[PDB]
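Below is one structure, written out as structure tokens; the observations come after it.
FYI the Cβ positions are ideal-geometry reconstructions off the backbone, even for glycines, and counts take in every protein chain you see. Just so you know, all these numbers are worked out from the coordinates, no wet-lab data involved.
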Amino acid sequence: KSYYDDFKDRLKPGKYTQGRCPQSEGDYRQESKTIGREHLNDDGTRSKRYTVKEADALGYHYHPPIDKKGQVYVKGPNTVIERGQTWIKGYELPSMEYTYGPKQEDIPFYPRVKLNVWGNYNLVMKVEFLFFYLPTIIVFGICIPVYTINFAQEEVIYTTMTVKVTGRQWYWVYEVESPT
Amino acid sequence: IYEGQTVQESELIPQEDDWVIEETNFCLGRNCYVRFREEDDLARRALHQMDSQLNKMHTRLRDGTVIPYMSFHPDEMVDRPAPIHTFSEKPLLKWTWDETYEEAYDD
Amino acid sequence: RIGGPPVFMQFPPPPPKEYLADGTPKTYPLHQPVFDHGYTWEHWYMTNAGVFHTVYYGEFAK
Amino acid sequence: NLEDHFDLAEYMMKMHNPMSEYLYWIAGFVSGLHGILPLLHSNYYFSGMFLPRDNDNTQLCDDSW
Amino acid sequence: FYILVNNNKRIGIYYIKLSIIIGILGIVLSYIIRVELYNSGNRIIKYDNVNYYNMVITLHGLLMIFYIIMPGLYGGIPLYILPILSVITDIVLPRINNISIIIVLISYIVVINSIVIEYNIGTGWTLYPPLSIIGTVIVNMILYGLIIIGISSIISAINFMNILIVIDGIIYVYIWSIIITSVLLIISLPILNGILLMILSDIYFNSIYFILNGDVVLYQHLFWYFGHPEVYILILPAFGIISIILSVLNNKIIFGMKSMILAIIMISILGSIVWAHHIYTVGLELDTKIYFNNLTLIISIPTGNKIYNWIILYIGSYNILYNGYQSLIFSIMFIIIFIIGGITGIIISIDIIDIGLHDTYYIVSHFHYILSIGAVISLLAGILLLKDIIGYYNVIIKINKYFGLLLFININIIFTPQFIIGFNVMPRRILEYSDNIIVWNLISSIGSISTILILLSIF
Amino acid sequence: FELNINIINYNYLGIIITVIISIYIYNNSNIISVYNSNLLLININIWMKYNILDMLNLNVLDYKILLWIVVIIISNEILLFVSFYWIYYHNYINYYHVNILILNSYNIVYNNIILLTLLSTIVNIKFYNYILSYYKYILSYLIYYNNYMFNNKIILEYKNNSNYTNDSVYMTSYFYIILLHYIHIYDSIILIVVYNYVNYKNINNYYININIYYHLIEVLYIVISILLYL
Amino acid sequence: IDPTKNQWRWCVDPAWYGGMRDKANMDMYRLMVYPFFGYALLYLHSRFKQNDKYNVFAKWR
Amino acid sequence: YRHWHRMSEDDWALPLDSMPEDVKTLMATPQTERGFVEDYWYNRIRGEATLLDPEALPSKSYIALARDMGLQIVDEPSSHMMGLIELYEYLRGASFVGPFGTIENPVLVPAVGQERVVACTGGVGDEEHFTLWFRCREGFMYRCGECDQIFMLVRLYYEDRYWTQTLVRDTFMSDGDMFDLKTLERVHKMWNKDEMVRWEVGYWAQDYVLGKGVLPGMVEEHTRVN
Ligand SMILES: CCCCCCCCCCCCCCCCCC(=O)OC[C@H](COP(=O)([O-])OCC(O)COP(=O)([O-])OC[C@@H](COC(=O)CCCCCCCCCCCCCCCCC)OC(=O)CCCCCCCCCCCCCCCCC)OC(=O)CCCCCCCCCCCCCCCCC
Ligand SMILES: CCCCCCCCCCCCCCCCCC(=O)OC[C@H](COP(=O)([O-])OCC(O)COP(=O)([O-])OC[C@@H](COC(=O)CCCCCCCCCCCCCCCCC)OC(=O)CCCCCCCCCCCCCCCCC)OC(=O)CCCCCCCCCCCCCCCCC
Ligand SMILES: CCCCCCCCCCCCCCCCCC(=O)OC[C@H](COP(=O)([O-])OCC(O)COP(=O)([O-])OC[C@@H](COC(=O)CCCCCCCCCCCCCCCCC)OC(=O)CCCCCCCCCCCCCCCCC)OC(=O)CCCCCCCCCCCCCCCCC
Ligand SMILES: CCCCCCCCCCCCCCCCCC(=O)OC[C@H](COP(=O)([O-])OCC(O)COP(=O)([O-])OC[C@@H](COC(=O)CCCCCCCCCCCCCCCCC)OC(=O)CCCCCCCCCCCCCCCCC)OC(=O)CCCCCCCCCCCCCCCCC
Ligand code: HEA
Ligand code: HEA
Ligand SMILES: CCCCCCCC/C=C/CCCCCCCC(=O)OC[C@H](COP(=O)(O)OCCN)OC(=O)CCCCCCC/C=C/CCCCCCCC
Ligand SMILES: CCCCCCCC/C=C\CCCCCCCC(=O)O[C@H](COC(=O)CCCCCCC/C=C/CCCCCCCC)COP(=O)(O)OCCN
Ligand SMILES: [O-][O-]
Ligand SMILES: [Cu+2]
Ligand SMILES: [K+]
Ligand SMILES: [Zn+2]
């Protein structure tokens, strides 16, 4: 089945580009005049006065929430008394169809399974050992060649001719011994 | 290394011959982008988002207990998208030990 | 500490809902367009939903 | 308030003004121009041409164009 | 407000946003290079304007490292999730966090303004004297940016170190990666500031450190003493992200957590004492070269352990879970790509092999595979993993197999030929080249234009 | 109950301080830089005001956080000096045989060591009084006299030296290392000018910071004295 | 002394504990934004002119 | 607790200048209607009036004596609420370690709101597993999917309020016989005579009852320069 067709009705295609009419037709920049919405603009976004120009964190509209007894309003649990016991019924979230749209049917089955863990401690320790020392053996294999080639570069040689090279911007200068 | 909880043979003995592992689906359902309603203003869309949190969901077992959404790290425990103030009450990391004191018990 | 920033506060109720003169509920900008085209495919993917759960995430062509 | 629960609530609730996105893209576009415009200006300053013709600094055949 | 915000999660977003914006200029600079290198002869840069090309490569390197990748991996993701991974509410030093992002922006504006107003010349991102100290004022401006950037990096490092005091949970592997990176900055940055001041002294205060009887090689030691820890500072946060993604998306506990943590610590200790493999061709003493070569190879041992631990995380994961998510693909791609970059690093660690491959495009390809592919993909992978938490939309990147495949194919086309060119040989930091290297340079150029087109598809 | 931390939501000094920094680059007159430096000093003071006001939160970890920050700063100062020592000793092979007059090992080193040791003793007495919840007015003015002599001696030494920064890398390193120490002495003046008695005493991060910083400056000079004068 | 009458400690950010004084100090610096832009823009013009970048076209005409 | 700072001077006693000037109404206000400062001085004035009358103490029952000093008699309900308050306060800056949770004895997770983030680390030794974080919401018996440890949320809630020391006192403490101002005067004359004031709170309190500035030296005591 096509699950999109189930909630097609909720999705009505839009009219304006980006969801707003031109400001001339409707001024969404102004604060809403509706009672209880003085902190919102006409389009529903928070007004600059509420968030910037008169932000409460800056000392505007000072109103301490806590009361004299150091209390704030707290909503209680849904309590039920049955079978000689006081029970609390937890709040279950609404069906995912309401929030997401797809109808919650024909859900693929995914069973409970505990964590996938590597076992056989003895075997695992050897693997960890190899992870460390196999690279180490490779390094040791390279070390001896490295020493040898370094010594070859710096070997003292019985040179018989010298050429002096000077680098300048932007050319090379060569000085050589002229034969007698 | 961790290899699961230790199990004793007696713990595997069933009380009935027809017991099999419960076939409860742990797929939370079918989801997609959270779809808001055009009629809902900023405040009510916030309520809508708070009611679509997967980390508030769980699976109820046959004995009434629930296995919740769980994660290795606490990054998956805040509301999505992350709110300005996340951990108002300090998350509790529960450790277990065998120590006990008499005051906790009564005879 | 008495008088300090509360560790929990209940949300105040949302502001009053707005209706047009004819009674239609007022709509607000919503950046979830319904693109127009002839494609209607629906792709579903089993997704990690923690350590012990999954969710069948669907992508719709529209 | 419920509106203040989420950081950048208007964007996250999909009500933000599109101009914010345009400015972000424009800012990126302007950043890119800082590599192209001085290239053109410097080429003209030292050569009198905004851009070279390919291989114009090398010997070209008679019919090359 | 927008600039006054101290919320760490908001600041984390700003770091990611700013890195993308600056990334465009870095991409433009990178695109200018490959267009010029399409074939022998000038293409978009006049022969009389070769100085501009030197500036392009200098800025491309500087912007990408200090202004794009480092803020993205060390400023962006860490500021968003690190206080969440810890059980704490917000960052320890909120006001310092605000000024750090503002400092990064101001330094960027100074750098780009210098392009527009000053004469355009270049000396490489390493700013080797005496060339750096005989240049024009654009070099002075770039120094101010680096010093200013250094201030932001150090204060941000101080911010993360304070998490140890307040952390109310367990120090996860990711937290360790950020902490150790902060330690590297604390020990390496002051050395960088000292030598940079000496560069300013010669440029602006008539100092004579970098003229005859003053060893110019002195700069290379102090610079690279910070230079190599920097590359490890860039990558270590990427390692932390990969560890989280692989464990989370496979529902597998991180194997050998302590081995991973010790590997990160070991890399930092070794990374602080191997800087001179950047100075093989200068003529160091025989024993000195042997020491650095030997210690440089040892860095592979801890780095190898992390690679193998990552592999076993992916092995054995449930088949039912869909494996085509972009975050998972990028995390797996990192292992494949990093191994290529690291192995080539070991090849050029052998100093005699390096004699032929120093200052060649083989070195370019080496650090591009690690940074341009690996680090970027790790940063992309982390952002994708946190898409729901961050909450961004209006992009098609979460499930886009075309983007992953095309990106992987085309970036490999750019930089695989550069390995081959290194033996041919083509020097780095060069605009013209011999006609017989065109084929490989042409192929990489086709790769560069293709990658830019792919980026437009995400929107 | 209450939240563990009283979050700080907004701040505007960061923008001002960052802009002040930019003014240094965009100046067309060195006079603007002088006045710009005063603005930086003012705004940094405001930031220090916020730290003092945070005491109202009564958070036990605030002292620890600031103390460890200072430790990191101290390390950065040490490593900065290390780089100068590194620069000095790299060219060590070129010293002592060039036709320049290096400094004497009798006059400057001894009086400076004696003078700076007295500075340490004064600060130590301040710490002891801070432990005993006690104050001595004269102590601060001894520091000012100590700093006055140090400034007077260093000014004359530079003016009467017969070799210049451009003569050799040795001279450059001598002048630069000595200047770097002076700047850290001047930073100490910036800190010590506000020393007062505060009645909340051992929960004041300023006292421990001043004691640590003054000790660092003096020990650094011992290293300088051994390297250059002796 | 009453603990519940000090809620301004957490209701108001510390940067504005001073009431109008703190706000006035913030507002004063805000007035300097555009003067700064003109000043900064002049420096760019100064460098641009001194480098003869305005004569790009006149040089080759 | 370890996460608290140093005791303030007010944590021990309040200055007399904070005493409400309308003492006559203060001693007649019901406990539920007294603020923190008013409640402090009501208990101190009434508590010290009974303690500074030695001849009556031996004949006074502990219930009456506790009431006069403002101390709350402990009972299972009040003890339960106070105990969970201190446990919540302790866990603000202390680790959360205890016995393994089972259906009979679930792990108790105190919270003020309807939700609190918790992590399960399994059992002891080998049974300990990697941290598994979950959101513990009210009204569900949570079961760890790995070790099967049982968690439960306990809410410190009562009649649209959350449990506090003052809330417990108001709910359970019952106001006794109204305080008699004659006792204040009688004890005042006992310890305050001919310029000797060994009972100073009563001296101030008696002065306020008589108006203000009536007793010797009180006008000079109340006159301030700034
Ligand atoms: C690397 C690339 C590829 C990356 C791929 C991977 C990406 C993965 C995803 C990454 C996601 C990261 C996390 C994202 C989180 C997002 C959260 C968010 O949205 O926060 C809300 C945040 C704000 O939302 P809000 O909460 O509603 O804010 C309300 C405002 O605060 C208040 O509203 P207001 O209306 O009052 O606003 C005030 C407004 C007032 O507005 C106006 O008045 C507007 C007026 C119109 C102006 C329009 C511009 C005009 C330009 C004219 C040019 C003329 C040229 C002429 C040339 C002539 C040549 C001959 O502005 C101002 O007053 C100040 C503006 C200053 C900033 C803009 C500066 C522009 C550039 C300036 C350049 C100057 C150059 C000078 C050089 C001189 C040198 C000498 O969003 C944004 O800011 C937009 C973000 C958009 C991106 C979101 C992420 C999407 C995913 C990525 C997409 C790809 C992007 C690629 C980069 C761009 C390419 C170009
Ligand atoms: C003893 C001697 C005494 C001497 C005394 C002398 C005194 C001298 C005084 C010296 C100091 C002067 C300055 C004082 C500052 C005072 C601060 C203060 O208290 O402010 C309170 C004040 C509160 O404002 P308000 O009066 O309540 O009204 C605010 C609004 O109502 C609504 O509130 P809001 O805060 O949300 O609104 C602000 C914001 C709201 O608007 C938005 O945010 C727009 C929406 C976002 C769109 C997407 C933007 C891109 C994404 C960026 C992501 C990273 C963001 C990082 C965080 C923000 C960094 C700025 O718009 C802006 O302010 C502009 C935002 C710019 C964002 C830049 C992002 C990157 C751009 C990349 C450009 C790429 C092209 C390259 C070429 C061009 C280079 C320049 O602060 C502000 O909100 C305004 C700050 C304005 C000053 C900013 C100065 C920036 C200078 C930059 C360097 C330029 C130099 C080189 C020039 C080159 C030109 C080409
Ligand atoms: C002949 C000479 C003899 C000389 C003898 C001298 C004797 C000296 C004795 C020293 C004894 C130390 C006692 C204290 C131990 C540490 C306790 C501690 O920190 O308490 C937490 C304490 C917070 O209290 P808390 O509430 O208990 O913390 C709960 C946890 O957060 C909650 O975490 P959790 O419960 O999940 O886990 C607990 C634990 C989890 O972690 C641990 O338990 C780590 C345990 C190992 C630590 C290392 C011990 C030494 C190992 C042997 C090394 C020998 C090298 C020999 C070389 C010889 C060459 C000749 O957490 C921590 O330890 C957190 C702090 C870690 C800071 C690490 C900083 C990087 C340093 C490098 C790491 C160590 C690598 C060792 C070598 C590795 C390769 C084999 O931390 C702080 O107060 C944070 C302050 C941060 C300040 C940062 C700025 C400092 C200045 C930086 C300057 C530059 C530094 C450069 C470093 C370069 C590194 C490569
Ligand atoms: C018949 C008279 C014979 C007099 C012989 C000369 C004696 C002179 C003694 C001068 C000692 C100055 C020591 C300076 C270090 C700071 C002292 C200190 O902490 O004071 C705290 C003291 C009280 O501080 P506080 O915070 O209130 O209380 C802190 C403690 O709780 C409580 O603090 P405390 O009470 O424990 O303080 C103990 C003591 C701690 O210090 C000492 O005990 C150090 C003693 C060092 C002895 C140095 C003698 C130098 C003589 C050299 C002569 C050379 C001649 C060469 C000839 C050449 C021929 C070719 O501090 C003092 O007593 C300082 C001196 C107080 C005098 C203040 C009134 C103004 C100056 C009056 C000078 C009168 C001179 C008359 C000469 C007549 C000769 C016949 O500070 C003050 O009184 C206020 C500031 C003024 C004090 C310094 C005054 C300097 C006067 C110098 C006079 C000698 C000039 C020689 C010139 C030679 C040129 C060639
Ligand atoms: C994130 C950036 C990054 C990272 C991680 C690295 C990592 C490494 N780099 Fe790189 N490097 C750069 C960025 C980076 N580098 C840059 C930008 C330059 C040029 C700067 C300039 O000149 O401008 C550079 C230059 C550079 C040079 C040449 C310097 C010169 O002369 O110009 C060398 C020489 O050895 C080198 C080596 C290494 C090594 C040995 C590693 C190691 O960390 C790699 C280790 C990883 C592996 C080896 C793979 C994983 C391990 C295994 C698969 C198993 C074990 C393997 C073995 C035992 C072989 N780098
Ligand atoms: C992070 C660092 C970084 C990154 C991403 C890149 C990316 C690229 N670089 Fe490189 N490059 C350097 C750092 C970087 N580079 C350095 C340090 C040098 C040495 C400088 C010197 O010579 O002194 C250099 C040198 C260099 C040269 C040699 C110049 C010369 O010597 O003449 C060339 C030539 O083609 C080149 C090409 C490219 C190309 C084609 C890309 C890219 O196009 C590859 C593909 C990438 C994309 C198509 C863009 C993808 C998006 C992003 C990278 C941003 C993402 C942002 C976020 C996620 C927030 N680079
Ligand atoms: C160029 C080289 C550098 C010089 C240029 C300027 C660099 C400016 C950088 C300054 C960094 C300051 C970091 C401070 C970190 C520590 C803060 C700290 O502990 O302060 C608190 C501590 C104690 O306060 P309590 O209320 O008791 O307790 C605090 C809460 N428990 O207070 C202090 O330290 C008091 C400090 C008083 C003196 C302040 C002087 C400020 C000097 C600024 C210098 C700027 C000069 C600029 C020159 C520009 C041109 C060259
Ligand atoms: C109170 C706190 C004090 C802390 C002070 C810390 C001081 C050190 C800070 C770091 C700087 C180190 C000094 C710089 C050393 C440079 C040496 C150098 O470049 O010399 C090489 C030769 O050097 C070597 O052989 C390399 C040795 C490596 C030195 C590394 C020293 C610093 C290491 C810091 C690592 C981080 C800390 C690790 C601590 C322990 C970790 C377990 C050049 O040789 P040639 O040019 O061929 O000349 C030879 C004769 N013509
Ligand atoms: O640098 O590797
Ligand atoms: Cu290196
Ligand atoms: K070319
Ligand atoms: Zn468990």
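Put in line by how crowded their Cβ is, counting other Cβ atoms within 10 Å and starting with the fewest, C:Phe35, C:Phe11, A:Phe7, E:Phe292 read C:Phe35, C:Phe11, A:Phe7, E:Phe292. Between D:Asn43, D:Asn17, D:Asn55, the Gaussian network model of chain D with springs among Cα atoms under 10 angstrom shows the greatest mean-square fluctuation at D:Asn55. Over segment E:42-111, what portion of Cα pair distances is larger than 17 Å, expressed as a whole percent? For segment E:42-111, the fraction of Cα-Cα distances above 17 Å is 58 percent.
Cα centroid separation, segment E:174-250 to segment B:1-76: 46 Å. With contributions of -39500 (n - 2.57) from each DSSP H run of at least four residues, the per-residue ellipticity at 222 nm computed over chain G stands at -17500 deg cm²/dmol. In this structure the amide hydrogen of B:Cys27, modeled in the peptide plane, comes within under 5 Å of the amide hydrogens of A:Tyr110, C:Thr54, none closer than 5 places in sequence on its chain. Express in whole angstrom the spacing between the alpha-carbon centres of segment F:1-75 and segment C:4-34. Distance between centres, Cα-based: 39 Å.
Give me the net charge of H:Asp22's neighbourhood, meaning all other residues with Cβ under 11 Å from the Cβ of H:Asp22; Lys, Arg count +1, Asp, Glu -1. Here the charged neighbours net out to 0. Summing charges over all other residues whose Cβ lies under 15 Å from the Cβ of C:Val51, with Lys and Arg as +1 and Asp and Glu as -1, gives +1. Which one of H:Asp68, H:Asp148, H:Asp11 has the biggest mean-square fluctuation once chain H is modelled by GNM with Cα springs under 10 Å? Taking springs between Cα atoms under 10 Å, the residue moving most is H:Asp11.
Overall form of chain B: oblate. Here a/c, set by the Cα gyration tensor axes a ≥ b ≥ c, is 1.5 or more, and a/b is not larger than b/c. Between rounded, prolate and oblate, where does segment H:23-93 land on the alpha carbon gyration tensor, with a ≥ b ≥ c its root eigenvalues, rounded for a/c under 1.5, else prolate if a/b exceeds b/c? Because a/c hits 1.5 or more and a/b fails to exceed b/c, segment H:23-93 counts as oblate. Sites listed here are trypsin sites (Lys or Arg not before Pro) in segment H:1-64 whose DSSP assignment is loop and whose Cβ has at most 15 other Cβ atoms within 10 Å: H:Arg2, H:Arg6, H:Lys60.
Note on the protein assembly as shown: dipole from Cβ charges, positive end direction compared against E:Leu313, A:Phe132, A:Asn41; the farthest Cα belongs to A:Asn41.
Could you list A:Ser2, F:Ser168 in order of exposure, starting from the residue whose Cβ has the fewest other Cβ atoms within 10 Å?
Details: A:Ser2 10, F:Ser168 20.
With the sparsest Cβ surroundings first, the list reads A:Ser2, F:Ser168.
Each residue of segment B:70-86 was assigned a 3J(HN,Hα) from its phi angle through the Karplus expression (A = 6.51, B = -1.76, C = 1.60, θ = phi - 60°), giving 10, 9, 5, 10, x, 5, 8, 9, 8, 4, 10, x, 4, x, 4, 10, 9 Hz with x at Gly and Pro. Within the set of other residues whose C-beta is less than 10 Å from the C-beta of B:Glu89, count the net charge using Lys and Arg as +1 and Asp and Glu as -1. Neighbour charge sum, excluding B:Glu89 itself: +2.
With contributions of -39500 (n - 2.57) from each DSSP H run of at least four residues, the per-residue ellipticity at 222 nm computed over chain E stands at -22000 deg cm²/dmol. Of the chymotrypsin sites (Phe, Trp or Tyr not before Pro) found in segment A:123-169, those that fall in a DSSP loop while having at most 11 other beta-carbon atoms within 10 Å are A:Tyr158.
First check a/c for segment F:28-100, with a ≥ b ≥ c the square roots of the eigenvalues of its C-alpha gyration tensor; if it is under 1.5, answer rounded, and if not, answer prolate when a/b is larger than b/c or oblate otherwise. Please report the intermediate quantities before stating the final value.
Working: a/c = 6.53, a/b = 1.63, b/c = 3.99.
Judged from the Cα gyration tensor, segment F:28-100 comes out oblate (a/c at least 1.5, b/c at or above a/b).
With neighbours defined as other Cβ atoms within 10 Å of a residue's Cβ, the residues E:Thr181, E:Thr58 order from fewest to most as E:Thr58, E:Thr181.
Pairwise Cα separations in the protein assembly as shown fall into 20 Å bins from 0 onward with the following percentages, short to long: 8, 31, 35, 20, 6, 1, 0. Springs between Cα atoms under 10 Å define the GNM used for chain H, and in it the highest mean-square fluctuation of H:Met196, H:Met141, H:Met81 occurs at H:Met196.
In order along segment F:2-18, the Karplus-derived 3J(HN,Hα) couplings, from 6.51 cos²θ - 1.76 cosθ + 1.60 at θ = phi - 60°, round to 8, 5, 4, 10, 8, 5, 9, 8, 10, 7, 10, 5, x, 5, 4, 4, 5 Hz, and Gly and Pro are given as x. Computed over all pairs of different Cα atoms, the Kirkwood value for the hydrodynamic radius of chain A is 29.8 Å. Taking amide hydrogens as placed 1.01 Å from N in the peptide plane, the amide H of B:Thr96 sits under 5 Å from those of H:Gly98, each at least 5 positions away in sequence or on another chain.
Phi angles across segment F:198-206 convert, under the Karplus curve 6.51 cos²θ - 1.76 cosθ + 1.60 with θ = phi - 60°, into 3J(HN,Hα) values of 10, 7, 8, 6, 6, 9, 9, 5, 5 Hz, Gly and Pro given as x.
May I ask you to list the chymotrypsin sites (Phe, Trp or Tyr not before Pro) in segment F:91-154 that are in a DSSP loop and have at most 11 other Cβ atoms within 10 Å of their Cβ? Before the final figure, lay out each step's value.
Working: sites: F:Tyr92, F:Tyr95, F:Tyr96, F:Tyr106, F:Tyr110, F:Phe127, F:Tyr128, F:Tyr130, F:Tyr134, F:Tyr135, F:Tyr137, F:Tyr141, F:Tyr144, F:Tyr145, F:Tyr148, F:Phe150; in loops: F:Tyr95, F:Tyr96, F:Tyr106, F:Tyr134, F:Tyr135, F:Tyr137.
Those satisfying the criteria are F:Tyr96, F:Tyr106, F:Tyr134, F:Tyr137.
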